[PDB]
Every structure is written in structure tokens, then in C-alpha cells.
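Have a look at query20.csv; it's CSV, C-alpha atoms:
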chain,number,residue,atom,x,y,z
W,1,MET,CA,109.6,82.0,76.0
W,2,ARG,CA,112.9,81.7,78.0
W,3,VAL,CA,113.3,81.1,81.8
W,4,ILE,CA,116.2,81.6,84.1
W,5,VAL,CA,116.9,81.0,87.8
W,6,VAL,CA,119.8,83.0,89.4
W,7,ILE,CA,121.0,82.2,93.0
W,8,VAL,CA,123.3,83.9,95.6
W,9,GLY,CA,126.0,81.1,95.6
W,10,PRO,CA,128.1,79.0,96.0
W,11,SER,CA,128.0,80.9,99.3
W,12,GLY,CA,125.5,83.5,100.7
W,13,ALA,CA,121.9,82.1,100.8
W,14,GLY,CA,123.0,78.6,102.0
W,15,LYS,CA,125.1,75.4,101.3
W,16,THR,CA,122.4,73.0,99.8
W,17,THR,CA,119.5,75.3,98.9
W,18,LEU,CA,121.2,76.6,95.6
W,19,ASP,CA,122.0,72.9,94.7
W,20,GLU,CA,118.5,71.4,95.1
W,21,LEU,CA,117.3,74.6,93.4
W,22,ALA,CA,119.5,74.1,90.3
W,23,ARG,CA,118.5,70.4,90.3
W,24,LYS,CA,114.7,70.8,90.7
W,25,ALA,CA,114.5,73.9,88.4
W,26,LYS,CA,116.5,72.3,85.5
W,27,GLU,CA,114.4,69.1,86.0
W,28,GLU,CA,111.0,71.0,85.7
W,29,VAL,CA,112.5,73.6,83.2
W,30,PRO,CA,115.1,71.8,81.0
W,31,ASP,CA,114.8,74.9,78.7
W,32,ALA,CA,115.9,77.4,81.4
W,33,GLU,CA,119.3,78.6,82.6
W,34,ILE,CA,120.2,77.9,86.2
W,35,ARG,CA,123.3,79.6,87.8
W,36,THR,CA,124.8,81.2,90.9
W,37,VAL,CA,126.7,84.5,91.7
W,38,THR,CA,128.8,85.5,94.7
W,39,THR,CA,130.0,89.1,93.7
W,40,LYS,CA,129.2,92.1,91.5
W,41,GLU,CA,131.1,90.5,88.7
W,42,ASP,CA,129.3,87.1,88.7
W,43,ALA,CA,126.0,89.0,88.8
W,44,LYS,CA,127.2,91.1,85.8
W,45,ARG,CA,128.4,87.8,84.0
W,46,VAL,CA,125.2,85.7,84.5
W,47,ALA,CA,123.0,88.7,83.6
W,48,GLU,CA,125.1,89.9,80.6
W,49,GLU,CA,124.8,86.2,79.5
W,50,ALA,CA,121.0,86.1,80.0
W,51,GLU,CA,120.5,89.2,77.8
W,52,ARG,CA,122.2,87.3,74.9
W,53,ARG,CA,119.8,84.4,75.0
W,54,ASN,CA,116.9,86.8,76.1
W,55,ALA,CA,115.7,85.4,79.4
W,56,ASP,CA,111.9,86.4,79.2
W,57,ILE,CA,111.6,85.5,82.9
W,58,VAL,CA,114.5,85.8,85.5
W,59,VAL,CA,113.7,84.3,89.0
W,60,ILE,CA,116.5,85.6,91.3
W,61,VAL,CA,116.9,83.6,94.6
W,62,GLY,CA,118.5,85.1,97.8
W,63,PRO,CA,118.0,85.7,101.6
W,64,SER,CA,116.5,89.2,102.1
W,65,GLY,CA,117.4,92.8,101.2
W,66,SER,CA,120.0,94.6,103.4
W,67,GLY,CA,123.6,94.5,101.8
W,68,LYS,CA,124.8,90.8,101.4
W,69,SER,CA,122.0,90.7,98.8
W,70,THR,CA,123.4,93.4,96.4
W,71,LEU,CA,124.3,90.7,93.8
W,72,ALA,CA,120.6,89.9,93.4
W,73,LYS,CA,119.7,93.6,92.6
W,74,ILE,CA,122.7,93.9,90.3
W,75,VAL,CA,121.4,90.9,88.1
W,76,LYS,CA,117.9,92.5,88.4
W,77,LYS,CA,119.3,95.8,87.2
W,78,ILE,CA,121.1,94.2,84.2
W,79,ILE,CA,117.9,92.3,83.1
W,80,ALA,CA,115.3,95.0,83.9
W,81,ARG,CA,116.8,97.1,81.0
W,82,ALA,CA,117.5,94.0,78.9
W,83,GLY,CA,113.7,93.8,78.3
W,84,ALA,CA,112.4,91.2,80.8
W,85,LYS,CA,110.7,90.7,84.2
W,86,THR,CA,112.9,89.9,87.2
W,87,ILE,CA,111.9,88.8,90.7
W,88,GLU,CA,113.4,87.9,94.1
W,89,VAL,CA,112.0,84.7,95.6
W,90,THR,CA,113.3,85.2,99.2
W,91,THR,CA,113.5,82.6,102.0
W,92,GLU,CA,110.4,84.2,103.8
W,93,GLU,CA,106.7,83.3,103.3
W,94,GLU,CA,106.7,86.1,100.7
W,95,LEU,CA,108.3,83.4,98.3
W,96,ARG,CA,104.8,82.6,97.1
W,97,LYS,CA,104.0,86.2,96.2
W,98,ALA,CA,107.4,86.8,94.5
W,99,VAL,CA,107.0,83.7,92.4
W,100,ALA,CA,103.4,84.6,91.5
W,101,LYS,CA,104.6,88.2,90.5
W,102,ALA,CA,106.4,86.9,87.4
W,103,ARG,CA,106.4,83.0,87.0
W,104,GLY,CA,102.6,83.4,87.5
W,105,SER,CA,102.0,86.9,86.0
W,106,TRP,CA,103.8,86.1,82.6
W,107,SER,CA,101.3,83.5,81.4
W,108,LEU,CA,98.6,85.8,82.8
W,109,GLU,CA,100.0,88.7,80.6
W,110,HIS,CA,100.5,86.9,77.3
W,111,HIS,CA,97.0,85.2,77.4
W,112,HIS,CA,93.7,87.0,76.3
W,113,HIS,CA,90.1,87.8,77.6
W,114,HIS,CA,88.7,84.4,76.4
W,115,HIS,CA,89.5,80.6,76.6

Write the structure described by the file as C-alpha cells, please.
Amino acid sequence: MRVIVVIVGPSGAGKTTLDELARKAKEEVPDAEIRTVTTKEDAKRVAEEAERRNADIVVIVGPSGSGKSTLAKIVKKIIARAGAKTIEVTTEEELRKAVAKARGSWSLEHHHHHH
């Protein structure tokens, strides 16, 4: 399957977080597509690209939901219809839950009642 990591960047969520994220992710997931967005158009771009290569899992990375975050839900809206699961691994302790909700759930969905 395909993996993607999208981030609110090169400004919005931080100034080194998106960088160590792209580095660490592409190192553990050299198959995946790691990118950032700063506006409605970059969200549209990265997502309308991910639906071409069919990103089975789309881990979005951002601060928290209020308004500066809209780019994260724009990408999630483009890929939710594309046919995949999309999540928002925020800077809060809820990071663990958000990651588990898809990067955990996916291998839990495509497996079976035996081993």
C-alpha cells in the first residue's frame, strides 16, 4: 500500500518540526510521499497529486483546529473522496490516538481473524 505525510509548512506548525518530520518519515517510509502546504492551493496541489499515486494512508501534520489549520482539512477533504483514510496528528498528547486511528488501524483492517 501507499503512505503519505502532509505538513502545514514551510510556515504554520513550526520552523524545524516539518523538517525533522520529512527526514524521519522518508527514512522509515522511503516508499511514502512527504510534503508541506501553506495555503488552500498547496493543499489542493499536494492532495490532487496524492490521488494520482493513490495514497492509501495520508497522515496530515498541523497545530490544532481553529482557522490557521484549514489547509489540513482541505487536504483531508481532497483525499477522503479519493478513496483513502486521512488523519491529523496534532502537537497535543492526542498525537498517539490520531496516529493509531489510521497508521495503526490500516494493518488492523486489512488483516483477518487468524494468525

Could you give me, as a list in words, the residues within 9 Å of range 93-109 of chain W, counting only C-alpha atoms and dropping anything in the same chain fewer than 6 positions from it?
-> residues 3, 56, 57, 58, 59, 85, 86 and 87 of chain W

Which residues of range 32-105 of chain W come within 8 Å of range 17-22 of chain W, and for each one, what is the closest pair of atoms and their distance in Å to one decimal, counting all atoms listed in the file, sorted by chain and residue number, as CSV?
residue,atom,partner,partner_atom,distance
W:34,CA,W:22,CA,5.6
W:35,CA,W:22,CA,7.1
W:36,CA,W:18,CA,7.5

Which polymer residues have any atom within 12 Å of an atom of residue 63 in chain W, counting all atoms listed in the file, with same-chain residues fewer than 6 positions away left out, as number ranges by chain?
-> W: 7-9, 11-14, 17-18, 69-72, 88-95

Give as a list in words each residue that has an atom at most 6 Å from (114.2, 76.7, 86.6) in the file, counting all atoms listed in the file.
->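 Answer for this query, in the requested form: residues 4, 5, 25, 26, 29 and 32 of chain W.
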
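CA of residue 111 in chain W sits 26.6 Å away from CA of residue 77 in chain W.
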
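Here the question is which of W:23, W:110, W:115, W:2 gets nearest to residue 53 in chain W using only C-alpha atoms, and that residue is W:2.
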
Just give me the gap between CA of residue 82 in chain W and CA of residue 62 in chain W in Å, one decimal is fine.
->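 It comes out at 20.9 Å.
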
Tell me, in Å to one decimal, how far CA of residue 80 in chain W is from CA of residue 113 in chain W.
-> 27.0 Å

W:46, W:64, W:10, W:27: which is nearest residue 76 in chain W, counting only C-alpha atoms?
-> W:46

Using all atoms listed in the file: which of W:68, W:81, W:15, W:112 has the shortest distance to residue 51 in chain W = W:81

Generate N, CA, C and O atoms for range 77-97 of chain W and emit them as a tab-separated table (two decimals), in the coordinates of the input.
chain	number	residue	atom	x	y	z
W	77	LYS	N	119.01	94.61	87.89
W	77	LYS	CA	119.30	95.80	87.20
W	77	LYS	C	119.76	95.57	85.75
W	77	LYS	O	119.29	96.23	84.83
W	78	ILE	N	120.62	94.57	85.53
W	78	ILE	CA	121.10	94.20	84.20
W	78	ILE	C	119.93	93.67	83.31
W	78	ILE	O	119.88	93.96	82.12
W	79	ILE	N	118.98	92.90	83.87
W	79	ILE	CA	117.90	92.30	83.10
W	79	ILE	C	116.64	93.15	83.01
W	79	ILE	O	115.93	93.09	82.01
W	80	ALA	N	116.41	94.05	83.98
W	80	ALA	CA	115.30	95.00	83.90
W	80	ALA	C	115.35	95.88	82.65
W	80	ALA	O	114.32	96.14	82.01
W	81	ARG	N	116.56	96.31	82.27
W	81	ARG	CA	116.80	97.10	81.00
W	81	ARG	C	116.97	96.20	79.79
W	81	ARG	O	116.77	96.70	78.68
W	82	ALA	N	117.32	94.92	79.96
W	82	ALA	CA	117.50	94.00	78.90
W	82	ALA	C	116.15	93.71	78.13
W	82	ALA	O	116.14	93.35	76.95
W	83	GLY	N	115.04	93.90	78.85
W	83	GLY	CA	113.70	93.80	78.30
W	83	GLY	C	112.79	92.73	78.89
W	83	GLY	O	111.83	92.30	78.24
W	84	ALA	N	113.09	92.27	80.11
W	84	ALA	CA	112.40	91.20	80.80
W	84	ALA	C	111.92	91.51	82.19
W	84	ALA	O	112.26	92.57	82.73
W	85	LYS	N	111.16	90.59	82.79
W	85	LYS	CA	110.70	90.70	84.20
W	85	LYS	C	111.59	89.81	85.08
W	85	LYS	O	111.84	88.63	84.80
W	86	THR	N	112.00	90.42	86.19
W	86	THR	CA	112.90	89.90	87.20
W	86	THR	C	112.36	89.95	88.55
W	86	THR	O	111.82	90.99	88.93
W	87	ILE	N	112.48	88.87	89.32
W	87	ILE	CA	111.90	88.80	90.70
W	87	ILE	C	112.83	88.19	91.67
W	87	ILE	O	113.82	87.59	91.29
W	88	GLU	N	112.54	88.35	92.95
W	88	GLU	CA	113.40	87.90	94.10
W	88	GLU	C	112.63	87.03	95.04
W	88	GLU	O	111.94	87.52	95.94
W	89	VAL	N	112.71	85.72	94.83
W	89	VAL	CA	112.00	84.70	95.60
W	89	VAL	C	112.74	84.37	96.88
W	89	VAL	O	113.54	83.43	96.96
W	90	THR	N	112.59	85.24	97.88
W	90	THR	CA	113.30	85.20	99.20
W	90	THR	C	112.89	83.99	100.04
W	90	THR	O	111.92	83.29	99.76
W	91	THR	N	113.66	83.74	101.10
W	91	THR	CA	113.50	82.60	102.00
W	91	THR	C	112.23	82.76	102.95
W	91	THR	O	111.80	81.78	103.57
W	92	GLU	N	111.65	83.96	103.06
W	92	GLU	CA	110.40	84.20	103.80
W	92	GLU	C	109.15	83.62	103.15
W	92	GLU	O	109.17	83.16	102.01
W	93	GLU	N	108.01	83.66	103.86
W	93	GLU	CA	106.70	83.30	103.30
W	93	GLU	C	106.28	84.05	102.06
W	93	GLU	O	105.52	83.57	101.23
W	94	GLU	N	106.84	85.25	101.88
W	94	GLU	CA	106.70	86.10	100.70
W	94	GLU	C	107.25	85.42	99.38
W	94	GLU	O	106.98	85.93	98.29
W	95	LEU	N	107.95	84.28	99.48
W	95	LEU	CA	108.30	83.40	98.30
W	95	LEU	C	107.17	83.21	97.37
W	95	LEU	O	107.32	83.46	96.17
W	96	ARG	N	106.00	82.81	97.88
W	96	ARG	CA	104.80	82.60	97.10
W	96	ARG	C	104.38	83.78	96.25
W	96	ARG	O	104.12	83.66	95.05
W	97	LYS	N	104.36	84.96	96.88
W	97	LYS	CA	104.00	86.20	96.20
W	97	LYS	C	105.07	86.60	95.17
W	97	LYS	O	104.69	86.87	94.03
